[PDB]
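Okay, here we've got a single chain as structure tokens, the form deposited in one PDB entry, with questions on binding and movement later.
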């Protein structure tokens, strides 16, 4: 289903990485956030929904979505919670790539975004996740 995204936070070096994955394609978007908070989650959700057609979001930590702030962002953007192996393979893959480029950047946040870039452009055959998301979404638009 083209509008389903998974969102979770992971921890590395005392910092928090918010990782969103488009389930159908494996494409990822991520930000290094200063603290795991409802305000940061909500802002990221609003950003994501203005960039891709987000219809539902699933998470592996349901308590991440209970705050008034996050509920308001889902209300404004028209997102609903998705009620039920791709995601597991994309988050340890992301730490694996982060580990490989970590010494190429001074800051962790730079390495995270290098890892997103490598991830999304990797052809798996056999197109990349970035190629798959735009095909999926463009195909969905044309009826």
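Residue numbers count along the first chain shown, from 1.
Just so it is clear, the following notes concern the form solved in complex with a partner chain, a form of the same protein that is not shown.
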{"item": "4.5 Å heavy atom contact, residue 95 to the partner chain in the deposited bound form", "value": "no"}
{"item": "Non-hydrogen atom contact residue 64 with the partner chain in the deposited bound form at 4.5 angstroms", "value": "no"}
{"item": "Touches the partner chain in the deposited bound form: residue 69 (any heavy atom, 4.5 Å)", "value": "yes"}
{"item": "Non-hydrogen atom contact residue 56 with the partner chain in the deposited bound form at 4.5 angstroms", "value": "no"}
